[PDB]
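Novice: Below you will find the structure I want to go over with you.
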Amino acid sequence: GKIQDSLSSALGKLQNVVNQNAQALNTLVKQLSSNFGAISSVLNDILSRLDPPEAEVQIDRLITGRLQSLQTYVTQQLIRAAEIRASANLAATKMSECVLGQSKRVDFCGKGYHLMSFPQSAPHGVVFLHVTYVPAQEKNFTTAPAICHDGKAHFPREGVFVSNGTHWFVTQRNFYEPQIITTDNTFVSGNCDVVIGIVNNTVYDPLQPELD
Amino acid sequence: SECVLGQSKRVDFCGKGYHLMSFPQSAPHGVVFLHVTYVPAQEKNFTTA
Amino acid sequence: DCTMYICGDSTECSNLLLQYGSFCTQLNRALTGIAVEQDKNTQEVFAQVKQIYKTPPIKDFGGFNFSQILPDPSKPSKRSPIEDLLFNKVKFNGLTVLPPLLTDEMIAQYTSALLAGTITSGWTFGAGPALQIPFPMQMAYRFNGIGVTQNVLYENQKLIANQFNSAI
Amino acid sequence: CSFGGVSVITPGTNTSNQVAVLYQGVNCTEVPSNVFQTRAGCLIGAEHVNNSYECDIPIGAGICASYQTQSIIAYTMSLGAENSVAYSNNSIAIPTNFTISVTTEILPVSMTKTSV
Ligand SMILES: *[C@@H]1O[C@H](CO)[C@@H](O[C@@H]2O[C@H](CO)[C@@H](O)[C@H](O)[C@H]2NC(C)=O)[C@H](O)[C@H]1NC(C)=O
Ligand SMILES: *[C@@H]1O[C@H](CO)[C@@H](O[C@@H]2O[C@H](CO)[C@@H](O)[C@H](O)[C@H]2NC(C)=O)[C@H](O)[C@H]1NC(C)=O
Ligand SMILES: *[C@@H]1O[C@H](CO)[C@@H](O[C@@H]2O[C@H](CO)[C@@H](O)[C@H](O)[C@H]2NC(C)=O)[C@H](O)[C@H]1NC(C)=O
Ligand SMILES: *[C@@H]1O[C@H](CO)[C@@H](O[C@@H]2O[C@H](CO)[C@@H](O)[C@H](O)[C@H]2NC(C)=O)[C@H](O)[C@H]1NC(C)=O
Ligand SMILES: *[C@@H]1O[C@H](CO)[C@@H](O[C@@H]2O[C@H](CO)[C@@H](O)[C@H](O)[C@H]2NC(C)=O)[C@H](O)[C@H]1NC(C)=O
Ligand SMILES: *[C@@H]1O[C@H](CO)[C@@H](O[C@@H]2O[C@H](CO)[C@@H](O)[C@H](O)[C@H]2NC(C)=O)[C@H](O)[C@H]1NC(C)=O
Ligand SMILES: *[C@@H]1O[C@H](CO)[C@@H](O)[C@H](O)[C@H]1NC(C)=O
Ligand SMILES: *[C@@H]1O[C@H](CO)[C@@H](O)[C@H](O)[C@H]1NC(C)=O
Ligand SMILES: *[C@@H]1O[C@H](CO)[C@@H](O)[C@H](O)[C@H]1NC(C)=O
Ligand SMILES: *[C@@H]1O[C@H](CO)[C@@H](O)[C@H](O)[C@H]1NC(C)=O
């Protein structure tokens, strides 16, 4: 609902390519009224006040100037089209990678974590609406890399060990959701004297009580 | 964006090896990227199935 | 300045050149567009950060040593050990050179903030609000991203930090 | 002998009709109130303040201008806020909520086909 307000109330990149092309086409026509060193700018005025041997010299001065101006127009259009081409090549890649997929590239389909994208057509281009996830409202906790228990070192399978001040849990790294540390969400490797930062805490076995 | 503000899985976009992280430095009219990568070493052969 | 390069002072030249139309207005527009694009190039590469982040006064980074690439407080430019090495290795007839909008003090200040964001928050400052994490734990997250199990980092921390330091 | 472009800085005629003038890379003692010397030339008609804001109208070499509220001014642009991460060897921050955000991106694909 806010995209609609912010637009209804920004398309400068599309306006600039229209303006540049019109400014060049006008400069092309406004050159049809320069002498380039001749008696006038009209061929019906050199063909009316000069005999054919003298009007050749004056017509050539116009021909040279007008050819120069047309060829300048055609060079600058090649250079402007090579730039529009790269923009369209980027738009074609964003349509593939943000609209028909989910991208992992950072800051390619918005700012945040890309969820999805929607295309909309514009006069000579395309608008992408990028939907991203942004995390909010953070707290600090204290962490450890591993937990020592029974002389073994335990590491989280897919999370982080955190402490609310007195107790130790596992969360997932992007959203706070604490769990009891068990042998189902941790794994073991080694003894607890080579890691630096290990803390002492109990790792709960689910079978051990339940069975008994 | 992709080598300094994140970790890349694109092959050879941030150096040779498995991209760990990258650091930027400013140069005159340019930029220098120091790419830190992980390179495996000292392999042994085994039988497999 | 098209007129001052061509004619140049003389006045018999200016009235004759006035006969060519807008050839000189086009050239000045072309050169001005180029000069405006050079500042946008630099804004797009370097001003990729919301805040100007600072490193804490300690340097307890798990045995990793970033001193050759952090800024040097004893300098007017505040560049770092590797940025000082890089900067020591690289009026007329209407011609003029404009200065860039950003000083390179400003550019060095953008780069040091990008560096302190990475060393202190990993990749969280690039997609929301920076969230601190200990370096040795961020390095272990990154070992997971290349498919190595994360005790391989914690059991080899000193060796890995020495190899980083020698490569730097 | 000195020579250089002249630029006019305006807040827009829909805001005011005051104006400031930049004489590009000219020493400000040979121009012909507020005369202010810049690495980019001599600026006339804007006052130099000591604050630092986000850049509005770019002058150059780190200097921008703006018509706050009530006259043009000069200064050094602002890179951005200042965030201080409370980094420690055993502290972590974890988010408890999220926002869904949606932004736009505009791209040109074509231009007009002309023939002569
Ligand atoms: C995380 O804890 C740190 C440590 O206190 C907090 O950072 C300090 O916050 C106070 C008040 O905002 C400032 O005066 C200090 O300068 C901060 N830094 C220190 C003490 O190094 C921070 O606010 C906490 N973060 C959250 C999300 O609660
Ligand atoms: C850390 O979280 C634990 C939750 O497991 C808190 O301990 C429990 O708190 C509730 C309500 O205060 C009590 O009913 C329980 O008896 C407590 N113990 C257990 C094992 O559940 C603990 O207070 C929290 N600590 C801090 C500093 O917030
Ligand atoms: C974590 O637990 C282990 C084992 O319970 C502790 O190791 C004991 O530490 C005491 C005090 O230093 C010694 O007297 C014992 O000989 C140790 N026993 C063993 C088997 O090592 C260890 O100190 C605890 N860590 C902390 C920080 O309290
Ligand atoms: C793994 O075994 C293979 C052989 O099966 C080794 O390749 C042999 O390597 C030696 C020494 O370089 C060569 O002289 C032989 O010609 C190779 N064998 C063949 C069939 O070409 C390989 O080097 C071994 N790698 C490791 C790590 O042990
Ligand atoms: C980070 O590395 C630098 C080396 O680039 C260390 O600085 C050098 O330390 C050695 C002895 O360890 C001295 O002989 C050199 O004179 C130092 N060079 C300087 C100060 O420019 C630096 O000590 C390391 N950081 C830490 C915390 O150990
Ligand atoms: C997470 O954030 C949302 C806001 O984005 C919170 O929901 C808002 O709650 C306030 C107060 O209850 C209401 O006035 C708003 O109407 C709610 N927003 C929406 C969009 O419904 C939500 O409570 C937060 N959750 C937690 C656990 O803090
Ligand atoms: C963290 O630093 C403190 C100093 O305040 C030190 O006592 C402790 O041993 C360090 N722990 C780790 C895991 O680096
Ligand atoms: C331009 O003028 C209109 C009406 O005079 C006004 O609504 C609008 O706010 C003005 N724009 C600016 C940027 O002041
Ligand atoms: C302008 O000339 C004066 C007089 O020599 C000099 O003091 C001043 O430094 C000059 N301007 C600049 C920017 O150097
Ligand atoms: C700006 O601050 C400096 C501090 O060195 C001071 O000397 C100067 O007078 C200040 N400028 C104004 C306009 O107050």
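The numbers used for chain C are those of Swiss-Prot, and the residues that appear cover 737-826, 854-931, in sequence.
Backbone N, Cα and C define each Cβ position, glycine as well.
According to Swiss-Prot, the protein has these features:
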{"type": "DISULFID", "residues": "C:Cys738-C:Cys760", "note": "disulfide bond"}
{"type": "DISULFID", "residues": "C:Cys743-C:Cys749", "note": "disulfide bond"}
{"type": "CARBOHYD", "residues": "C:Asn801", "note": "N-linked glycosylation site"}
Novice: If you measure C:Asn801 (N-linked glycosylation site) to C:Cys738 (disulfide bond) at Cα, how many Å is it?
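Specialist: Rounded to a whole number, the Cα-Cα distance is 54 Å.
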Novice: Which ones in the same chain are close to C:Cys749 (disulfide bond), with CB under 8 Å and 6+ residues apart in sequence?
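Specialist: Residues satisfying the criterion: C:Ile742, C:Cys743.
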Novice: Helix, strand or coil for C:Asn801 (N-linked glycosylation site)? Use DSSP.
Specialist: coil
Novice: Near C:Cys738 (disulfide bond), which residues of its own chain have a C-beta under 8 A away, given they sit six or more steps off in sequence?
Specialist: C:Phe759, C:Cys760, C:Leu763, C:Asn764, C:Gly857
Novice: C:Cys738, C:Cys760, C:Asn801: which of these recorded positions put a Cβ within less than 6 Å of any ligand 5 atom?
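Specialist: Near ligand 5, sequence order: C:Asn801.
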